Each structure stands twice: as C-alpha cells, then as structure tokens.
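Input: a single structure, listed below in structure tokens.
A, B, ... follow the sequence lines: proteins, then strands. Residue 1 opens every chain. FYI, side chains are in, hydrogens and waters are out, and symmetry mates aren't considered; it's all heavy atoms of this structure.
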Amino acid sequence: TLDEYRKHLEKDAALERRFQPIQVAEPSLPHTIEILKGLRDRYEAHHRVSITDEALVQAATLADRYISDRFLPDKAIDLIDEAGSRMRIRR
Amino acid sequence: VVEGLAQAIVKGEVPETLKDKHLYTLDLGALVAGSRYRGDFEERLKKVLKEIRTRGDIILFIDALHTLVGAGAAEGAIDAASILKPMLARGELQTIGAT
Amino acid sequence: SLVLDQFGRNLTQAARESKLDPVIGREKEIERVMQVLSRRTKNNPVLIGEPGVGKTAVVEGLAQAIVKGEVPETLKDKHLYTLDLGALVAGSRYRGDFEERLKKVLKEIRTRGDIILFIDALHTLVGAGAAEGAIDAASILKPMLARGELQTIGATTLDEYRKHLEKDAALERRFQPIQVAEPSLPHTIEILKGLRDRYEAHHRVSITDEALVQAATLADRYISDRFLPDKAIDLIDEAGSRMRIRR
Amino acid sequence: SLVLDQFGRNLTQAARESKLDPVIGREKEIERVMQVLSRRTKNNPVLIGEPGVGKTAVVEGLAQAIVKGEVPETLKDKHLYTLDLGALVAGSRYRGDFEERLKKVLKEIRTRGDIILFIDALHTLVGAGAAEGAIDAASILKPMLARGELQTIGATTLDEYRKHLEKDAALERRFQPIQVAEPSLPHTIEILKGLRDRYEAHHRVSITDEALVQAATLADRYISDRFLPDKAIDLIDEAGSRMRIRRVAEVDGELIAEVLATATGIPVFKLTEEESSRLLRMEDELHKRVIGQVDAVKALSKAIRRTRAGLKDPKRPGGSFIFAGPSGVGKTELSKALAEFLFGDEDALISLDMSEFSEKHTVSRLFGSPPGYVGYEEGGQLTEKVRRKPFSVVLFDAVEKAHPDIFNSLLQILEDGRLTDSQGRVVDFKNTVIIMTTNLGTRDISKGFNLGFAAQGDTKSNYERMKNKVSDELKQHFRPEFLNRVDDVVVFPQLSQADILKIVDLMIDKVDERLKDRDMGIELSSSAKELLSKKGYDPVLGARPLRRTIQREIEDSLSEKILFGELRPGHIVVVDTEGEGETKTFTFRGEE
Amino acid sequence: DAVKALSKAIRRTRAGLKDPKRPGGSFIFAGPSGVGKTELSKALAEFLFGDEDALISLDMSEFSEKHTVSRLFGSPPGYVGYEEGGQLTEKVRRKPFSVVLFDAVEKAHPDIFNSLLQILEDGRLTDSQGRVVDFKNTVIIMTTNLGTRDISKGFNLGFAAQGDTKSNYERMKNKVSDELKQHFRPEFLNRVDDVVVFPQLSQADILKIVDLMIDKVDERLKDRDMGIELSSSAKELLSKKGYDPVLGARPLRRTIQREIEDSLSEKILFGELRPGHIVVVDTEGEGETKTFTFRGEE
Ligand SMILES: Nc1ncnc2c1ncn2[C@@H]1O[C@H](COP(=O)(O)OP(=O)(O)OP(=O)(O)O)[C@@H](O)[C@H]1O
Ligand SMILES: Nc1ncnc2c1ncn2[C@@H]1O[C@H](COP(=O)(O)OP(=O)(O)OP(=O)(O)O)[C@@H](O)[C@H]1O
Ligand SMILES: Nc1ncnc2c1ncn2[C@@H]1O[C@H](COP(=O)(O)OP(=O)(O)O)[C@@H](O)[C@H]1O
Ligand SMILES: Nc1ncnc2c1ncn2[C@@H]1O[C@H](COP(=O)(O)OP(=O)(O)O)[C@@H](O)[C@H]1O
Ligand SMILES: [Mg+2]
Ligand SMILES: [Mg+2]
C-alpha cells in the first residue's frame with residue numbers, strides 16, 4: 001500500500017538502491033464494466049443465476065457514486081455476489 | 001563517496017597511516033539474523049569488535065547510522081549506538097556514517 | 001571486575017599505562033574533589049561546568065594522582081571506574097530487567113569495597129528506567145548516597161543542573177556542587193604548551209610557540225559559541241591534519 | 001528470617017550494634033508514632049516533612065528505644081524491618097513473580113507476628129509491579145492495612161506526598177499523617193553536641209562548643225536553600241574534611257566561618273589587622289579612581305564599615321543609596337569603583353538599565369511569568385542572578401527613564417530584604433547593596449538669581465539650590481513610602497576646574513597603560529596637561545568632552561604616526577605645547 | 001484601637017462564639033507610613049505561634065497585572081505548571097490555623113481581590129485541580145496607606161472663617177473611608193469585619209521606641225560579647241533629633257544608625273572596643289550643640 005510504502009519502505013536505505021516502484025491507479029468506470037463482464041461467467045456459474053448488462057452498469061454507477069469507504073474494482077463484485085446470494089437463498 | 005575513498009586507498013593515493021589500512025562496511029542484517037534475543041546480539045558484535053581490535057587496521061563504514069542512534073522511541077527498536085558508545089570514547093576504531 | 005568492565009571503563013589502570021593526557025593548572029579543583037570525597041556523609045562531588053572546560057580533565061588528573069602523587073588516606077589505592085547509564089538501561093523490555101543489572105553492579109561494588117564511581121553526563125539519572133511500574137535508579141541510589149555508603153562523582157552543565165537537578169530537592173541534597181571556570185588566556189597557553197608534545201608525536205610535524213599563541217587568541221576572539229580550552233586544541237588538530245594531508 | 005532478610009534490613013539488629021546515630025529531642029514525634037501504632041485499626045503512621053529534617057532519624061530513634069527497652073506497652077522486643085522495594089522488583093520478568101515474593105513476605109510476617117515494616121519513600125508504593133496496570137503492591141497491601149494487620153511506618157516529603165501519594169485516595173486513607181517540623185536553634189545545637197562524638201571519631205579531630213554554636217547560627221542565618229539540621233552538620237563535616245586533608249588538630253569557629261564564606265561568597269570570616277586597616281582607609285582607595293564626590297564616598301565607606309563590623313540590620317540589605325546628580329559626574333564610575341573594591345573586578349556588578357523598563361508590564365523581567373504562561377519555567381532574571389551571588393551590588397541606572405510603578409517591587413527589597421519569584425521561591429536581598437542613579441532636579445544648573453525684581457539678591461551656593469531642587473523633585477516623583485525606606489540620598493556636586501587636571505592625569509595614565517602593550521609609552525609636560533584641562537572644561541556636560549578631546553587630539557596623531565611607521569616599539573613619545581592663546585597646539589617627539 | 005480589635009477577635013475565637021462558616025477575623029489596617037501596620041501583624045504572629053516567621057505574608061506589589069492571579073490558584077488543566085497547584089492554597093492547607101497578610105493592597109490590580117470574596121464570606125478557596133481548601137480558622141489582615149497623602153496639609157482651597165476643629169485623626173479617617181469606597185467595590189467592603197485607622201506617633205511614642213531600638217542594637221553587640229548602655233539624656237537627645245510626624249519611626253532608625261552605629265563601627269575596627277567590654281553613651285554640651293560621647297568600660 002502507498003501509505004505503508006512511504007512510511008516504512010522509504011526509511012530502509014539499504015534496499016532503496018535495489019527496489020523500483022510501479023504505481024497502479026484506480027480503474028475507470030469502463031474498466032470496471034469490462035472486469036464485471038469478465039467475471040460474469042464465473043459468478044453466474046457459482047450462484048446458478050443470470051445477470052444482465054444493465055445490472056452491471058447500474059451496480060458500477062451505484063458503487064462509484066453512493067459508496068466511499070470501499071473502492072470500485074472490488075465493491076461492484078461484492079454487490080453482484082451479494083445479489084446472487086440473495087437470489088440463491090430465496091429458492 | 002565511500003567507495004571513491006575505498007578506491008583511492010586501493011590505488012594508494014591516500015596519506016600515510018592509512019595507505020595499508022583495510023576498509024570494511026557493516027550491515028545490521030547479518031548480525032540481527034539468526035538471533036533469538038539481545039543476548040545473541042552482544043556476542044556477535046563483541047566478537048567482531050575484538051577481531052578488528054586484534055587486526056587493528058580496519059575502518060568501519062556503517063551506513064544508516066541514523067537508525068543506530070535514533071532507535072529508542074518505540075517498542076522493538078534496537079538501539080546499538082549506546083552499545084557503540086564506549087569504544088568510540090576510547091577511539092580504537094574509525095567509523096564513517098551517512099545521514 | 002568484569003561486570004564493571006562490561007558496563008564501564010577503568011581510569012586508574014589506563015593512567016598506569018600512560019593513556020591519559022596530562023592536566024595542567026587544576027590543583028584547586030582536584031583538592032576540592034578530595035575535600036568533598038572525604039566527608040562522612042553526602043561525599044558525592046558534582047562538577048558543574050559549561051561544555052568545553054576540563055570537567056573530565058580534572059577527573060583524569062585525580063585518577064593520575066591516585067596512581068601516583070599526593071593522596072590522603074581513605075582515598076589511596078582506590079579504583080576509579082566510569083559507568084555509563086545509557087548502556088545500563090538498554091536492552092530492558094520486561095518487568096524488573098533494568099533493576100537486576102543495577103543491583104548486580106552495586107553488589108559487585110560493595111563486594112570489592114575500594115571503587116569510586118564516575119557517572120559521566122549526569123542529570124540523566126532522574127529518568128533512568130522511569131517506567132509506569134519500574135522504579136527509577138534515583139530511588140534505588142538515594143539511601144546509599146544519603147548515608148555515604150556509595151562514593152560517586154558526577155559531571156553536568158549549569159543549565160542541565162538547574163533545570164533537572166535543582167528541581168528534585170531530594171537528589172540535589174545528596175550532591176555537593178563544584179564549579180569549574182573557563183581557563184584564562186595564560187592558562188590555555190600553558191595547557192597548549194603541555195599538550196603540544198602529544199600532538200607532535202601523533203602528527204609528524206612541529207608546532208611553534210607563536211602558533212599556539214595565535215591559535216589561543218584567535219579562537220578566543222572569533223569563536224563565541226564554543227569555549228576556549230577546546231576550540232584552540234581543535235584548531236591545532238585541524239592545522240596538523242591539513243599539514244599531514246598536504247604532504 | 002531468610003526470606004525476610006533477602007528483601008529487607010533489620011534495623012533493631014543494627015541498633016543493637018550501635019550502627020545508628022543518636023537521636024536527640026524527638027520525644028514528641030516518637031511518642032505520637034507509638035501512640036498511633038497501638039490503634040486497633042489503621043495503625044499505620046506516616047511522617048511527612050521537608051527534606052533535611054529528621055524523618056528517618058525518628059524511625060531510627062524508635063528502633064533504638066525498642067532495643068533499649070524504654071518502649072512500654074505492646075511494643076516489646078519487636079523487630080523493625082526496613083523493606084527494600086528494589087529487591088522485590090529485581091528480576092521477576094515472568095507473570096506472578098513479584099506477587100509471589102510479596103505474598104511470601106507477607107505470610108512470613110503474619111506467621112512470626114512481631115514484625116513492624118518500615119517503607120522509606122512511601123510514594124514509590126503506588127506503582128511497584130504494574131507491568132500493565134492492575135495488581136500492584138498497593139492493591140495487595142490495601143486489605144491487611146485497612147483491617148488493622150501489618151503495622152507499617154512510612155516516610156515522605158510534602159511535595160512527594162501531594163504529587164504521588166494523593167493520586168491513590170484508597171491507599172492514602174489507610175495512613176495517619178504526622179508532621180515533623182524543622183528544629184529550632186537550641187535543638188540544632190543539642191543535635192550537634194550529640195553528633196560531635198561520632199564526627200570527631202570519624203574525622204580524627206576535636207571540635208569546640210563555640211565551633212558548633214557558630215556553625216548552627218551561620219547555617220541558620222546565611223545559607224537559605226535547605227533546612228536547619230542538615231545544613232548545620234554540613235559545615236562541621238566540610239571543616240573536618242578540610243582539616244583532615246591538611247595532614248590532634250583543632251576545629252574552631254574561625255574555620256567554620258571561613259568554610260561558609262568560601263562556600264557562599266559572603267565575607268563572614270574573622271577580621272584581620274591588614275583588612276581592618278584597609279577598611280579604615282577605604283575612602284582613599286575609592287579616591288584612587290574617583291576625584292571629588294566626598295559625601296558619596298564617605299556614605300559608601302560608612303555602609304561597608306557597618307556591614308563588616310557586625311552592626312548591620314540582619315533583616316535588611318547592607319545599604320540603599322540614591323545617587324542624584326548631573327551628567328558625567330562619576331555616579332556609574334563610583335559604582336564600578338565600589339564593585340572593583342569589593343570583588344577585585346568591576347565586571348562583577350549587576351547592572352540593570354531602566355531605559356528599557358518603560359512599559360509597566362516589563363516588571364515581569366524582575367521575577368518571571370505567572371504559572372500557565374510562556375517563560376514560566378525560566379523563573380526571574382534579577383532573582384536568578386542574585387540567588388547565585390548572595391553578596392553583590394545591584395545598580396538601577398537612570399531610574400527616571402522607567403515607569404514609576406516598576407519600583408513598587410523594591411518595597412519588599414529595601415524593607416524586608418526579600419523577593420519572591422513567580423515559582424514561589426524566596427530570594428533574600430539581605431547581603432546586597434542597592435544603588436539607584438538619577439538626574440532629577442539637575443537640569444537647570446544656571447541662573448544664580450530669581451526671576452523678577454529682587455532687592456537683596458539672596459545669594460546662595462549652587463550646591464544648596466541643587467540639593468533643595470533634587471529633594472523636591474524626588475518628593476514629587478516617588479511615593480512617600482518608597483522614599484521612607486532609602487537609607488541615603490546623596491547629591492553629586494558639579495565638577496570643578498581643579499578636578500579636571502586630575503581626571504586628565506588618570507585618563508592619560510589609562511592611555512599609557514593601553515599603549516604599553518605594544519612596547520610604547522607617552523609622557524606629558526605640565527603645559528600639555530593644563531592646555532587639555534582648559535580646552536575641555538565644559539561644566540555642563542561633565543567629563544565626557546574631556547574624553548572626546550583626548551580621543552581626537554592625542555589618539556588620532558599617535559595612530560597616524562604608527563600607521564606611517566614614524567615610531568617603532570621601544571619609543572617613548574613626549575608631548576609638549578607651542579604657541580600662545582589660540583595658537584597653542586601639541587607637539588610630539590620621539591625618544592627611546 | 002487596633003490592639004483592642006485583634007484581642008477581641010482572638011478572644012471571640014477562643015471563647016467559642018466564632019461563626020463556623022467564616023474566618024476568625026478580617027481586618028483592613030489603613031494608615032500612614034512607618035506607624036506599625038506590619039509590626040502589629042508580626043507581633044500577633046509571634047504571640048500566637050512562636051515568632052514572626054510563622055506568618056504567611058504576600059507582597060501585593062508583585063500582583064500588578066491581573067493575569068498573575070493564577071499564583072493563588074494554579075494553572076488550569078492542560079497548561080504548564082498545572083500539577084504544581086496553587087501557592088497560597090497549599091500553604092493554607094498545610095497549616096489551617098495561621099495569619100494571612102496582604103501587604104500594600106492598593107498596589108495590586110483591583111481584580112485579584114475579587115478572589116477574596118469567597119474567602120471572606122464562605123471561608124473557602126478552590127484551586128485549579130478542583131480541591132477545596134478552607135480558610136475558616138485563619139485571620140486575614142490587609143495593610144494599606146490609602147487616603148494618607150494629605151496628612152501634611154494645612155488648609156483647603158478657598159476662603160474660610162475660623163478653622164477645622166477636628167484633629168488630624170478625624171480628617172484622615174474620613175479621607176481613608178472615602179478612598180476605600182472609591183477604590184474597592186461595595187461587595188468587597190461589605191465582607192470586611194473591621195477597618196482600623198492608624199494615627200500618627202507622638203513624641204512619647206518615639207521616646208519609648210528608642211528603648212526597643214537600643215535593645216536590638218544591644219542584642220547585635222552582645223552577639224560579639226559586648227553591650228551598650230545609654231543615659232536618660234542620650235535617649236532624650238536621640239528622641240529629639242529623630243522625630244518627623246509624617247514619616248513615622250523610620251527617621252528615628254536612620255538617626256540612631258547615623259549617630260551610634262557609625263561611631264561604634266569606627267571604634268571596633270580601630271580596636272578601642274573589644275570583646276569583654278561595654279560602651280556607655282552620654283551627652284556633652286548644651287542647647288543645639290549637644291553631642292554624644294562614648295566611653296569604654298569592662
Ligand atoms: N569624579 C570622577 N572621577 C574620575 N573619572 C570621572 C569622574 N567623573 C567622571 N569621570 C569620567 O567620566 C566618564 C563618564 O562619567 P560617568 O559614566 O561616571 O557618568 P554618570 O555620572 O554615570 O552620568 P550619566 O547620568 O550621563 O550616566 C567616566 O567613565 C570617567 O572616565
Ligand atoms: N508603634 C510602633 N512601635 C514600635 N516600633 C514601631 C512602631 N511603628 C513603627 N515601628 C518601627 O518602625 C519599623 C517600620 O515600621 P513598619 O514596618 O511597622 O511600618 P508600616 O506601618 O507597615 O508602614 P509602611 O506603609 O511603610 O509599610 C518597625 O519595624 C519598627 O521597628
Ligand atoms: N587542565 C587541563 N590540562 C590539559 N588539558 C585539558 C585541561 N582541561 C581540558 N583539557 C583538554 O580539553 C579537551 C576537552 O575536554 P573534555 O574532557 O571534553 O571536557 P568536557 O568533557 O567537560 O567537555 C580534552 O581532550 C583535554 O585534553
Ligand atoms: N533528632 C535528631 N538527632 C540527631 N541527629 C539528627 C536528628 N534529626 C536529624 N538528624 C541528622 O540529620 C541528618 C539528615 O537527616 P535524614 O535522616 O537524611 O532526614 P531525611 O531522611 O528526612 O532527609 C542525619 O544524618 C541525622 O544524623
Ligand atoms: Mg551613568
Ligand atoms: Mg508595612
């Protein structure tokens with residue numbers, strides 16, 4: 001994590017000449033849609049349910065807009081898995 | 001700069017009383033590793049110190065001496081500067097630091 | 001005596017080996033040290049002096065006098081041992097770790113019975129091992145210091161003494177202050193004259209008297225944040241090092 | 001007793017071997033301790049007192065009384081054990097070790113049934129084994145202490161009692177405080193008489209009764225940072241050590257006075273013939289540097305002679321003077337001369353400039369900031385300086401340039417000889433000399449007549465008019481209560497023409513002394529001195545135009561000659577004069 | 001009058017008729033300089049406990065700024081010096097029965113005494129740590145010289161027939177009352193038990209004080225095994241020489257020192273007066289040329 005890296009890995013002067021940093025940025029909303037489409041097959045197979053693209057895009061938008069504590073590349077997956085669990089438990 | 005000084009010593013472009021005096025660098029990783037508590041810490045440092053005292057012509061470069069000095073502000077920190085206090089008072093070894 | 005050697009240094013033995021620089025013109029302070037050390041109670045001298053003056057120098061001179069020279073009774077053939085409080089408190093993480101080492105050191109000192117302790121850089125004793133449950137070194141040492149059982153010599157600067165030791169009226173009672181004044185120009189001149197030989201032996205050069213006079217005067221004039229008996233010696237050392245590196 | 005001896009010391013056994021110093025005059029405290037120890041419940045006395053008084057001596061005397069069998073009622077052949085908390089905490093790095101040791105000690109005490117515990121520095125009992133904070137020594141000891149078992153005696157200072165022991169109200173509840181007061185002078189003399197035998201035995205010397213009386217009186221009067229029983233013994237011990245290192249010998253009051261004088265700096269040592277002769281001619285010594293001003297020199301000499309003859313008021317400073325006079329007359333010079341006479345160097349004077357004390361809040365520089373404010377830790381500037389040097393000269397220069405309300409703080413200095421800084425400490429000004437310099441009423445030194453038509457002309461000496469005007473101005477400026485405490489108010493007469501020649505001689509001597517460092521010298525003829533005196537009379541501005549004239553008439557020419565290389569080391573420049581009237585001018589000539 | 005007031009307060013306290021919710025007594029000693037305002041407090045303390053050293057004395061010249069009041073309470077929580085507590089509160093708590101003296105009350109800021117209200121009415125004071133220290137067994141004395149600036153005044157501005165038949169005491173009492181009402185709030189003056197005005201000293205008072213001052217000088221001399229004895233003429237001359245109705249008995253002290261101690265010091269330094277000897281002082285001459293003569297004696 002960035003905060004841990006700057007707080008602890010920066011002071012290790014011995015390894016400063018041996019490590020190189022590579023930054024990873026948050027995924028954009030189209031990237032989130034792509035990841036959701038990629039995971040559609042596995043999650044539908046696990047939950048024994050069917051999900052549509054409109055659900056994907058609305059879940060991504062709701063996660064981006066109305067959720068702040070968690071972050072996009074995981075919370076949309078969490079929401080769709082949660083919905084799949086809800087559909088599984090009612091039958 | 002440290003290895004520049006070492007190279008200048010190696011080719012001999014260095015004043016007397018230092019033209020045949022070896023230079024070594026010390027890292028805490030080797031001495032800390034393989035130890036359970038501070039009882040093993042003192043044994044290794046005292047052994048290497050008596051070894052260099054018998055040798056008598058070793059310059060010790062301790063990079064990140066800032067960790068050595070300021071290591072008493074939290075639990076689990078190893079503050080060896082006081083451990084490295086007495087002999088430096090006698091000055092039987094030469095040390096080089098960077099901070 | 002290996003216990004004290006682990007946590008400190010022996011001064012009389014080193015002085016017997018001529019490993020200590022000679023001291024010049026400090027007879028009054030060393031005599032006052034003997035005066036305080038011979039008291040029946042509270043015989044613990046403390047040297048209050050600003051950095052640079054010979055606070056350690058007078059202790060080294062006293063050690064040399066004990067090795068050879070005029071020394072009264074009840075103080076002859078004693079062993080002067082310097083103890084470091086910083087190394088004593090290091091490595092203590094559990095309950096009672098710090099107290100055990102200090103108790104062992106005091107037991108060794110009592111068993112030997114002929115040791116005078118020197119706690120360099122005093123005023124750190126007030127907060128030595130002051131944990132929430134552990135008792136500090138001051139509380140342990142107070143009964144022996146007040147009854148004269150333990151003989152110790154401390155050194156500190158005036159500001160440290162006033163802002164840390166004067167506030168603690170209990171610990172301040174058990175120490176007798178001794179003032180060390182900054183040497184005058186002739187005193188520094190003769191000190192440099194005495195110390196010239198060791199530096200000439202160390203750096204293979206020669207130092208003239210006018211060089212010493214100029215060093216003393218210029219260090220006294222152009223430097224104010226340091227003090228005379230040290231900056232002149234630093235100037236001489238720097239000149240010797242520069243002459244060595246040039247050749 | 002093996003486990004009990006492993007963590008404590010038997011005081012009764014030591015008292016049986018005469019290893020404890022005798023205790024004198026503590027019958028009431030020991031009786032109260034015994035009375036408290038006999039209670040059914042909460043029989044745990046604690047002695048709270050200032051550091052130095054015999055708090056531990058009371059317990060030692062109780063142990064000696066138990067050994068001697070003087071103690072009646074239940075306390076018969078009881079064993080008093082001093083507990084060592086350091087041994088209990090030593091080691092015990094694992095859970096349940098310190099608690100186990102304390103439980104074992106308590107079980108041993110309960111089984112034997114005739115053990116009385118003594119815990120020196122009871123304030124350390126609050127935190128003993130609180131590795132995380134829970135079961136410590138106090139929590140274990142609370143029930144037995146409350147129910148009446150485990151009789152215990154504690155000792156603590158007032159500051160430690162308030163700061164630490166009162167943070168645990170449950171533990172403080174189970175103790176009955178007892179006040180140990182500082183002994184008076186006769187009690188201190190009795191204590192010194194009691195301990196004389198032991199101190200003579202240790203120091204291998206002999207001590208007279210006069211030595212003990214002098215030590216007690218001088219320690220009570222002059223040394224004010226500690227308390228009576230200890231600081232009196234300190235003088236005797238220091239004198240014994242000083243006599244021992246010099247090698248039966250003898251210790252008298254003179255040695256004690258010398259020891260105190262060298263410890264504190266106050267000259268209380270015995271008078272000598274040479275010193276008495278020097279004091280009797282102090283006016284000449286002061287006149288070796290200041291010309292004229294006979295009244296002020298006489299007043300200063302009288303004050304110093306009163307101080308050194310043992311006739312000064314022991315509750316007021318040595319002297320208080322108001323030097324009122326015109327500019328450049330010798331007030332600051334006289335103060336510097338007095339400082340040089342008293343201490344050997346004129347830079348030992350404590351000089352305070354009232355030119356910068358214009359704001360009324362600047363009085364905070366005298367004694368420091370109140371609690372809770374910035375700079376509170378650095379308590380006082382004047383008080384700190386006076387505390388380090390009890391015997392010194394305090395000078396308030398140009399008091400008319402400061403706010404009038406600043407001097408109210410001197411009301412307790414001139415009359416009571418004390419000043420309290422904001423931290424609560426009291427610094428005594430009873431051994432200092434206070435001088436305040438001013439130029440009030442010395443403005444219009446002219447007009448030897450009165451405005452308007454007059455018939456007789458009512459001639460009067462300028463000195464009398466100056467004196468009356470200064471008195472009126474002082475009455476107008478300061479409050480009556482402030483002026484009522486000043487010992488002497490002296491007016492400096494204006495400098496005369498004759499004194500200018502002597503001042504010129506002194507200035508030329510100073511110039512020659514400065515010049516002799518470079519192997520030089522200067523000589524003058526009477527004509528040159530007369531010309532210098534005539535050229536710079538200026539009766540209004542004092543002797544400052546004289547320095548300016550000497551600087552820009554002799555220093556510049558010598559400097560130019562040195563720069564040109566006209567003269568070399570080993571030369572003695574002789575200066576004469578030439579011309580007449582306005583043509584009079586100096587001429588320089590080399591010599592060897 | 002002041003001695004009667006103090007004795008009445010002490011007797012009422014000891015007889016058991018004291019109000020158990022207020023201090024033993026509260027007095028405002030107002031009067032000119034050098035009349036015995038502080039001397040009476042020291043004498044009361046010496047009579048009470050054992051000496052004048054048991055007095056709790058505050059010099060109000062240091063409380064010039066209104067933010068110094070913390071020296072009575074201590075710093076509030078979260079500020080430097082909070083753990084030290086108050087300075088007056090601690091002293092009173094460690095000695096519940098004592099005499100508290102406020103010297104030169106008019107030279108402090110007129111807000112510090114706002115903190116005395118609860119002291120003078122409820123007999124309590126709270127420090128910054130919340131602890132209550134009671135004052136119900138103390139005696140409060142406040143000394144001042146307000147309204148005494150016009151003692152050396154002959155008449156008022158304007159024409160007037162005959163003159164003021166009232167002595168200096170009545171005029172000074174009225175002036176003190178007016179100045180006290182002007183300087184302090186009514187609620188503060190409503191809590192003070194007694195206000196005592198000190199009249200000036202007469203010639204007989206100076207003659208009597210001469211004996212006490214000579215006794216003090218004799219004690220100082222006896223400290224070196226000596227002594228001094230004066231004749232009646234010497235005492236009368238000393239009383240006549242030093243006497244000013246405005247400045248009290250301090251000019252008498254200055255006159256005594258100048259006319260006795262300087263000569264004694266000169267004689268001791270020279271060697272005429274030595275231990276084991278006493279000095280006898282007599283008078284010579286007549287009229288305004290009368291002077292002192294010192295004679296040694298075993
Ligand atoms: N009576 C004197 N004897 C010797 N030197 C004197 C005398 N009066 C003045 N001087 C010389 O004049 C110099 C200036 O006088 P000084 O500093 O004493 O003045 P002051 O009385 O303090 O006046 P000011 O009110 O201006 O401060 C002194 O340093 C000294 O060299
Ligand atoms: N009535 C008196 N009886 C005896 N001595 C007195 C009397 N009045 C004054 N003195 C002497 O004069 C000295 C100074 O008087 P004191 O300190 O009592 O004055 P004060 O009334 O408090 O005035 P100030 O307003 O100046 O503080 C006393 O120490 C004492 O020696
Ligand atoms: N009286 C003296 N005679 C000779 N050398 C002295 C004397 N006093 C001080 N020195 C020299 O000054 C140097 C610095 O003194 P130091 O021991 O550092 O004093 P401190 O520890 O109080 O600063 C020492 O190396 C010592 O050789
Ligand atoms: N009543 C007394 N009789 C004899 N000596 C006393 C008495 N009171 C105090 N002393 C001496 O005072 C010295 C210091 O007292 P101390 O026991 O240190 O008191 P505290 O422990 O309270 O500081 C002791 O050496 C003791 O000899
Ligand atoms: Mg001046
Ligand atoms: Mg008064």
If we only count heavy atoms from C-beta on, is the [X] to [Y] side-chain gap below 4.5 Å?
X      : Y      : value
D:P45  : D:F175 : no
E:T126 : E:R131 : no
C:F118 : C:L83  : no
B:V32  : B:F41  : yes
D:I153 : D:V46  : no
D:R9   : D:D84  : no
E:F135 : E:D122 : no
D:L117 : D:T82  : no

Shortest non-hydrogen contact between [X] and [Y], atoms and distance:
X      : Y      : result
D:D77  : D:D114 : O-OD2, 4.3 Å
D:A87  : D:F7   : CB-CD2, 3.7 Å
D:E182 : D:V53  : CA-CG1, 3.8 Å
D:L20  : D:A15  : CD1-CB, 4.0 Å
E:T89  : E:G86  : OG1-CA, 3.4 Å
C:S1   : C:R112 : CB-NH1, 3.4 Å

Q. Can any side-chain N or O of D:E108 pair as donor or acceptor with the backbone N or O of D:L4 at less than 3.5 Å?
A. yes

How long is the span from the [atom1] atom in [X] to the [atom2] atom in [Y], to the nearest 0.5 Å?
X      : Y      : atom1 : atom2 : value
E:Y82  : E:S128 : OH    : OG    : 6.0 Å
B:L84  : B:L45  : CG    : CG    : 7.0 Å
C:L145 : C:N44  : CG    : CG    : 5.0 Å
D:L158 : E:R93  : CG    : CZ    : 9.0 Å
D:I30  : D:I178 : CD1   : CD1   : 11.0 Å
E:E84  : D:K163 : CD    : NZ    : 8.0 Å

Q: Sort and list the pairs that fulfil side chain to side chain donor-acceptor pair (under 3.5 Å) and have at least one residue in residues 143-157 of chain D, not counting sequence neighbours.
A: none

Q.
Show every salt bridge (charged side-chain N to carboxylate O under 4.0 Å, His left out) that has at least one partner inside residues 95-107 of chain D, sequence neighbours left out.
A. C:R95-D:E99

(Q) How about CD on C:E166, more than 12 heavy atoms from neighbouring residues, nucleotides or ligands closer than 6.0 Å, or not? (A) yes

Q. Just wondering, more than 12 heavy atoms not from D:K78 lying within 6.0 Å of its NZ?
A. yes

**Q.** Carboxylate-amine/guanidinium contact D:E29 D:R26, below 4.0 Å
**A.** yes

Q. Does the side-chain contact (heavy atoms from CB on, under 4.5 Å) test come out yes or no for E:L125 and E:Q118, once each step is laid out?
A. CA-CA 7 Å; E:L125 190 66; E:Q118 63 255 34; 3.4 Å; yes

Q: Go through C:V105 and C:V3 one step at a time and tell me if the side-chain contact (heavy atoms from CB on, under 4.5 Å) criterion holds.
A: CA-CA 7 Å; C:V105 158; C:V3 178; 3.9 Å; yes

Review item, side-chain donor-acceptor pairs of residues 33-41 of chain D, under 3.5 Å, at least two apart:
residue : atom : partner : partner atom : Å
D:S38   : OG   : D:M34   : O            : 3.2
D:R39   : NE   : D:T41   : O            : 3.3
D:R39   : NH2  : D:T41   : O            : 3.1

Distance-only donor-acceptor hits, side chain of residues 119-132 of chain C, under 3.5 Å, sequence neighbours excluded:
residue : atom : partner : partner atom : Å
C:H123  : NE2  : C:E160  : OE1          : 2.8
C:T124  : OG1  : C:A121  : O            : 3.3

Side-chain donor-acceptor pairs of residues 167-174 of chain C under 3.5 Å, sequence neighbours excluded:
residue : atom : partner : partner atom : Å
C:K167  : NZ   : C:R162  : O            : 3.3
C:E172  : OE2  : C:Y161  : OH           : 3.2
C:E172  : OE2  : D:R226  : NH2          : 3.4
C:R173  : NH1  : D:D230  : OD2          : 2.4
C:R174  : NE   : C:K142  : O            : 3.2
C:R174  : NH1  : C:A170  : O            : 2.4

Q.
Please evaluate residues D:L62 and D:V58 with respect to the criterion side-chain contact (heavy atoms from CB on, under 4.5 Å), reporting the C-alpha separation (whole Å), side-chain torsions for both, the decisive distance (0.1 Å), and the verdict.
A. CA-CA 6 Å; D:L62 171 67; D:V58 160; 5.6 Å; no

Q: Test side-chain contact (heavy atoms from CB on, under 4.5 Å) on D:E50 and D:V180 and set out the steps.
A: CA-CA 8 Å; D:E50 308 259 16; D:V180 175; over 6 Å; no

Contacts under 3.5 angstrom, residues 69-78 of chain E side chains, donor-acceptor by atom type, not counting sequence neighbours:
residue : atom : partner : partner atom : Å
E:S70   : OG   : D:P371  : O            : 3.2
E:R71   : NE   : E:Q87   : OE1          : 3.4
E:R71   : NH1  : E:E62   : OE1          : 2.9
E:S75   : OG   : D:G372  : N            : 2.8
E:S75   : OG   : E:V80   : O            : 2.7

